[PDB]
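Read top to bottom, the protein sequences are chains A, B, C, D and E.
Using the working numbering, the final residue of the first sequence is 1092, and nothing's skipped along the way.
Using the working numbering, the final residue of the second sequence is 93, and nothing's skipped along the way.
Using the working numbering, the final residue of the third sequence is 426, and nothing's skipped along the way.
Using the working numbering, the final residue of the fourth sequence is 293, and nothing's skipped along the way.
Using the working numbering, the final residue of the fifth sequence is 94, and nothing's skipped along the way.
For each residue, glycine too, the CB sits at the ideal point set by N, CA and C.
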Amino acid sequence: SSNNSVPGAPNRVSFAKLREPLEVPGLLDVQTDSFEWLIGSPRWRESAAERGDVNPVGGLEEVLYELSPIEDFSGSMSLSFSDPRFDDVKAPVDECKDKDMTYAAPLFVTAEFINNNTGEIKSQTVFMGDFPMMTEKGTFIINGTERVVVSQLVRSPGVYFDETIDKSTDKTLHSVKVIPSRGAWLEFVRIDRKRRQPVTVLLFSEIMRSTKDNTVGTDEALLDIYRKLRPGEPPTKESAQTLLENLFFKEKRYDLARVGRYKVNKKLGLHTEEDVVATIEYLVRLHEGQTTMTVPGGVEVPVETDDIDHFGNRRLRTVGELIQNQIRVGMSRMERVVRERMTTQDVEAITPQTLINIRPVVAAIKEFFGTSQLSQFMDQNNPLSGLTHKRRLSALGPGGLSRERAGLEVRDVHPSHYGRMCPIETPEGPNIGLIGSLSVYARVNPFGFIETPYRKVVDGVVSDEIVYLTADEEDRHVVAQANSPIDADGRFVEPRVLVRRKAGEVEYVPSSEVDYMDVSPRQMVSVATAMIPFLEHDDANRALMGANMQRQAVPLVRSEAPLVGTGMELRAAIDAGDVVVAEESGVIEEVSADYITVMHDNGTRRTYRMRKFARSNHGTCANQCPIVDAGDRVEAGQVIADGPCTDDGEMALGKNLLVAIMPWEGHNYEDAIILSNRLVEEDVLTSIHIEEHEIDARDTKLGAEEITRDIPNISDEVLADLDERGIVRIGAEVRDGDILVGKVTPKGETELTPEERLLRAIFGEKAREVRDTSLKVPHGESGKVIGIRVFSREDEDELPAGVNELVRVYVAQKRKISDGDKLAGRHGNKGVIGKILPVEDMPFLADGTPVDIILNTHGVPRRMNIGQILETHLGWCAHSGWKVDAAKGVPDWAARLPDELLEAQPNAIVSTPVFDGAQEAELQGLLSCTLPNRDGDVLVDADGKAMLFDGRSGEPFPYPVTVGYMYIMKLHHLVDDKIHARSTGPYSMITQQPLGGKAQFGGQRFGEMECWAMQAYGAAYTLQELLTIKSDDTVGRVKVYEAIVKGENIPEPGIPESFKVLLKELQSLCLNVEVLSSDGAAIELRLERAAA
Amino acid sequence: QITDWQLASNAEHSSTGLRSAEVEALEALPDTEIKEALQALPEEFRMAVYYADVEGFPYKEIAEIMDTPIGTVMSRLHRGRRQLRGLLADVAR
Amino acid sequence: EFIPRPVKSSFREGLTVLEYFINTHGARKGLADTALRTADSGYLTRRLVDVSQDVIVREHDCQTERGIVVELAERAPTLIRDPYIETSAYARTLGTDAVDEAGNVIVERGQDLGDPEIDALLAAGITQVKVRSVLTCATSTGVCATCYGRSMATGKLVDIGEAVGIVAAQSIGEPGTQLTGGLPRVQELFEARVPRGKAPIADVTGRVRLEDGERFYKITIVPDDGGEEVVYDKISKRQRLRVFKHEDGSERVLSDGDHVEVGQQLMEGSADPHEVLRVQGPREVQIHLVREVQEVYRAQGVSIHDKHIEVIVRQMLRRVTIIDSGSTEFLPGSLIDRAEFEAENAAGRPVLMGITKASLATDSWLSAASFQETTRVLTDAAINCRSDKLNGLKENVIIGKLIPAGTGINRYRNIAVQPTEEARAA
Amino acid sequence: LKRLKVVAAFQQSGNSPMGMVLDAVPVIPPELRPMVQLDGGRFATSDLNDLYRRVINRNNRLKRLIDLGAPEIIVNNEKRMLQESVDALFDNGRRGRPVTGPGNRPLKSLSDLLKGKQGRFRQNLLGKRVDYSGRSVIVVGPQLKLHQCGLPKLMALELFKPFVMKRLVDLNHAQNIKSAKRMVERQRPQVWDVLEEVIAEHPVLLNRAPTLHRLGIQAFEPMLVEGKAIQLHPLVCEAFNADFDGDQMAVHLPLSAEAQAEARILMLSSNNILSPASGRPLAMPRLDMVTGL
Amino acid sequence: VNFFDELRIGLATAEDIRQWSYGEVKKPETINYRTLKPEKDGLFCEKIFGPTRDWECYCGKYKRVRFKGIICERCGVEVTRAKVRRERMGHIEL
RNA sequence: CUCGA
DNA sequence: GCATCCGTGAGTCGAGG
DNA sequence: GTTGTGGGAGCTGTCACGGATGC
Ligand SMILES: [Mg+2]
Ligand SMILES: [Zn+2]
Ligand SMILES: [Zn+2]
């Protein structure tokens, strides 16, 4: 009973027992609505009219109003910007990806210049730059790569009070801090890293009367600030006055926030100096401890210390606002030169275009999108990756805290996160607690505060009027729970109800005391987390791991929706934006492996091009396939084609495998996994991986490289797959080592070997003298050449300086599941494949059906994730189908929930939502009435177990084993990517040690702790060898190779080059270091074989 | 710090790449083909082709170090170049 | 802290929404806490490695007759097993022949003290033993094999080239990530920092006088030798009094007028190890430090053999501080090695120093520069025109020479081997 | 006492305190502060070069000012700037605000090259990257002997590449040594047989990080395995704290005779059954084995 | 031979600093943007630090192993292995 | 920067 | 007479771009 | 050769410790 809203969406029967009173909002709205505010689109106009005041202003309109008008110091001239308009887009998205461009639109504005003494008003339309644009999917394209702007967590402007304890006698010491929208701050009156500031030396009070302060008049407090914060200059009477007037009263310097001003006026008074008086009164009357406070003109404020992690005092700046702030920076940097040109030039001859240099705004936008920590390479292993990435909230970055100045209380789950930031989905590693994901139903508001929806309660009556509350508004109310008994008409059945109050604590209050109720369970969860069946049965560690590992599934050649899922797979796949969706209801007029054309009813034609075998940012294969047939009538929103990890419109991150839970000969020891070789023969876990090799011919000192099929002394047979250009041919199968693009690089004459010198002399060779710098395929890689793209400087192809030609070979490979690959269930139950057994010796059921995967029993109980077991049971139920016996009534176990679950055909699609859905009793009931197989044999008994035969000896295993169907994902951690060895390779020019990294054919690092270990063994010679002739001895290593090749003993080791380099660095530090003999001076460091 | 990615990517366009211990040690070994092709010629004309082609001396210095006139040196040069191109023409390719 | 409302559900019944919510607190807090604990354990292991890596075996036996007494049992009318024979008695080498009063010689000096030996000693009624440790070892440079005893891995007598120092650092650091009063206390000990809650101790035997006041504990000892009376400052009521005043008296809390011996703790808590150094002697500071450190690792299920902690503690006392230079060029108040101070001989008093400080004060400026505070080390080395003998194993690693340990020892690396005549014949 | 330590060092060392003031700065060889160009024609250089450039520019400006006999205040400003720039070049950030490049990154001064976990000492002297080494993910091999481990064919072929080339020239599969190299690189079927010969009784070291105690590095005899994964004997897992949830391990090939001997005798898995810290046994049945028995 | 006995430090006197040096750098210029060649008397000058290419001088009149150790007079760049570029220090006169 | 043990 | 202000520590090994 | 008006970005949620410095 789910997915009824989405047309054509398959029928996934749901065990849920609660009505869904609110659908999932646009799971990308967090990004879109933000950008649509920034731009001022009609969408945002209507959305603000529906839930906002009558005077809306977009991000750019606001920036312009703030900047206007650029005025001369004498007030003689004034420049005013207005009416931000966009042209159409320069190039489409796929075009920008192909050409390595930046999807953007030209920005235009009306610039009105006025000379106050000539009356001349020359209006003009000025162009501000190529403003980068947000795509349908909510991303950006910069330099041809797709990027996401992750929302940032930061402290909203305002004043905040806290209560510390002094090291004197544990006295309760109050402190305050004022965080501004822009400018400096202060504390208590210490200001700008200058302590020892009496609060009374700058202007019933308990200690305000005690201030100690010795002065009278206004010049003392005016001169003390210039003598205490503006040093390096004598004490003056005018400069201190000027600075004090330009500190906080001045609006140019000190930017009073809008959100900040709202928060502060809510903290002190409905309607600056008033604020400072209220703040002093607040600190005083907080040192006392009184409940409320009365300020002149303001009233009704609770005297209380503020929580720094509360979501009513912690906001997030969406993409729109980050862009707005970068634009403000560029605009101020431009206004500087605008005034600086107003000064010099003559009036009546300066047009808006003459004094407006946009270079700083362009550079600001560019630097933001290209260097900000919040513009991130889009995680697109699969649709769920990108969907969560867009909805993500991180606290690091410019303007937030530091990855090292962020302690542990920052990373703690605050009670105000309920329904706003999911508490499960967060990284396990260093970034833990710092990167969360937006809750499913959550929604950002104009001020950057995360609101969440609740059903209104009128006289213990759950209504259908929904209301969105922020953390503050919520705290001030009593929120019922979603799984609260309610009779029709919205009436709590129980005398009282469980609820949450402001203290972050729960209570059991009479029904007439409830204000709002949760819209649904799982309201606190994120999208990924909401997709773990039987979540409540899993510990938070393994559940966090399950979410994180769902975001790592690799798309498989053929995708299969989970036999048992939540209700979120469909909506997740759709919002993610990797499936094609019918924008307008019509009739399929044509369908091909290439495109899909629908004829709308009003005669309109719309066509959709299928992404076919597209490489993703992480090598996964984005490949769409249509799921409509010619003549099919499709409604608006219906899914037209499946994406990479989707099936009929549902997130299909893995496959349904026949699992047996039992230790099998140790091959699944200590988390290993055993797979049936079927999964290889039938490609059940096979995936496609597309890599992009690139190579350019550029200008060198000795000339210019040339991409040529003619490479020095290469066998005609080796080039057999190269075209005339020296580029491999499409569809060619390339093993590791083959050539991909031939290239020669001008070589100097001094480098020619003596052999080559004589060869070019005797045979009268030419003066080419090049080196083979051709692009070869790296180790552990192979595949068919999917594609070839090429860019020539000859043609009108734009490339960097000195780069003549540039070719890119796109190579695909089909990876079969293999030993070493990493699989995992949705319950944080990960493991590498220990062995892939022949189907014949796999344990099999009575009917010869061999299991597909053997999961070691010893791994389940201690991890506290029996969720996988419940899933196995329900999955077998769904794979066999069932029929609850209704004759003589409906059994009590199936009475509560089951409505259309009383029977189900084999391979039925069922969803068990989190915190609702399948109950243990109902699971057991279904397990009792399993349907039989072909021969009318019930294979899995009422415990969920079944006898199995040892496919090796033939004898049956003595005890029944739990067999079932489990959803297993192929996580993007594959041996093919991680195997790496090296005998000898490139070294670093600085340390002369082996390069690091597989991509560079590097060597393993023998770290300090490894040398400790080696010493503990007493393996002196092994440690020396590892550290001298394998790393740094520039002659020792070549000697070692020469000795191995000629069957001679390994020579004695020399001197690590890194030591010479250390000596050189010391010397450069003016330290005279010197190596000495037993009794001698400093030792110094620094043909016949060739002639032979 | 310039990265290993940057170092290797630079070597991808340089006159000499980041060489291996293997490459060095094998370079140190003798090229049997050309060594055999040289050992065929009379060690006088071959010593001349050495002092003239491998080392690049001027013909006057070759006459000096050979203790022979210039004409003999250059005639040995011509004859030896002809011979070795004969034996090393199919080898050069 | 703990939430006054518990998780009444089992993860089989499925947790209610709010139960799952509250449980995430613990889950995530624990994940982050392990993240930090691993780094702290790592830094402590690194400092141990540095302060101890120059400690290798060099002789088979120093022949010393010093050692430590280990309890092997306690008697109650049948004998209990000594609580931690596993870590302090087992795997030692017996210093003095242990014979049962009115019995045969059960175990000979210089034996392994394995399971059979301990069992025989216990059956014969041997309630205690005296063993040889590196604490009381007499060798000059490092430790002798016999003072160290069995090699925990090989089960035999440690070989003459072992790097027992690094193995001790590892044995002590590897279980670090199990410490959940904890790892902080282990560091407070190994670094020899005046403890947070300082529990003063009796400076000399005598009679005690307590004085009560409003949060004011005032103690005064009248010495039995008649010297001046030792007055200890007032202590807040937070420190309850120690629970042994039993010299033929009250085997209970300290009461005014009790007889206090010299090395008796006065009030519950931890005691300053420097105070015990100056009051009871260095061989007592070693015992106290080893036991205190072992306490933490024992309260967590971690059996670290005492000999490792002794290998570490040894390197904290190798130096003395010179009060009056006297006839020598040693500046006063400077930390000088004990042998460098004995040979030259000079008011040299023992001194305890933490592993970090002990390490930064080594004779190899290269080692110090590579360990920590590179800038200061290098500047002082340049000023003092220091010269590194290139003798520590870390130094040789840096320069690419065979480390002086295991197969790097001179006797081992220069072995000559020729086939015998009888074999050369056939 | 404090102010005496330094004066006495300067006295007894023969180091004239005059050194503490410099009239000439030393410039480190260019190879130790390299310069390269990346994809895009742009150039990358070591911070050093930029600090040296600032020092040299300000020095030339001071010379030009001294020649132009400018006001004493201007020349004093230039001298202060020169002192500050040399301080940056030496220990940037130590005094005043650090010198920043693009992005406000404090440039790595000459002192930064010696300090830290990633400085010269800890990062390049106490541990380095080595040849004849590899990495890959580990999976349990139950059929293994405690003294055995399974190496992927390709891994072993790459590690022993010189050995296999030598045995390929011994036999007449390859004409010369260059041809033996080309053959081993193409993976010609002749190599495989030869490979199993070279690997005979040739130990290899396996390591898993973090290396907490020495058992974190253990020696094994390798046997060729089908796949691209390292097979690890289960009993040793305890020693490595290794479970097969995806961790990987590194392989090192001892070359010298003494190295192979240390691997066979000192670090052989079979010889390291017991915990060097407690004497208890580690290579002991752990979970499944236990239940089985 | 890796058998040193001791290693010693000491503050360097300007005399030591100049004895070390192979020439003083004078200009901020590093390399010619066009020819990718080290500007002379700059932080990459080959006259003092060393030759970029084996046995090749700056101007080019000398490029062959025939004359090793020769000191070119046109541009004053020793003709030796470029390895020395890692071991030849410069200096600046304050 | 993110991620794996 | 010391109270602050600063300067030093804070796990290892792996992968992309 | 420079001749009308002129203070910038950066932390900025870390902690625990030991010893010059500085009033
Ligand atoms: Mg693991
Ligand atoms: Zn001894
Ligand atoms: Zn020249």
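Would you call the CB atoms of residue i and residue j closer than 8 Å?
i	j	result
D/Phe-160	D/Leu-266	no
A/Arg-391	A/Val-527	yes
A/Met-969	A/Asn-617	no
C/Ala-347	C/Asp-363	no
D/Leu-212	C/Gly-125	no
E/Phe-4	C/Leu-402	no
C/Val-57	C/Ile-160	yes
A/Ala-257	A/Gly-269	no
So residue i and residue j are in contact, right, with Cβ under 8 Å, and what is the actual spacing, rounded?
i	j	result
C/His-25	C/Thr-146	In fact, because the Cβ distance is near 54 Å, the residues do not count as touching under 8 Å.
A/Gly-936	A/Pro-906	Going by Cβ atoms, the distance from A/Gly-936 to A/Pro-906 rounds to 14 Å, so no, they are not a contact pair.
Does the beta carbon of residue i come closer than 8 Å to any beta carbon on chain C?
i	result
E/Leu-94	no
D/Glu-238	no
D/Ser-278	yes
Taking CB distances under 8 Å as the criterion, tell me whether residue i reaches chain B.
i	result
D/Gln-37	yes
D/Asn-176	yes
For residue i, would you say it is in contact with chain A, using Cβ-to-Cβ distances shorter than 8 Å as the test?
i	result
B/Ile-65	no
B/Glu-22	yes
E/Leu-7	yes
Starting from residue i, trace the beta strand (DSSP E) both ways and give me its first and last residue.
i	result
C/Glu-71	68-71
A/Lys-835	830-837
A/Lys-747	Where A/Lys-747 is concerned, there is no enclosing beta strand (DSSP E), given that its DSSP letter is neither H nor E.
Using 8 Å as the limit for Cβ to Cβ distance, is residue i near chain E?
i	result
C/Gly-392	no
Of all the CB atoms in chain D, is at least one closer than 8 Å to the CB of residue i?
i	result
E/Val-1	no
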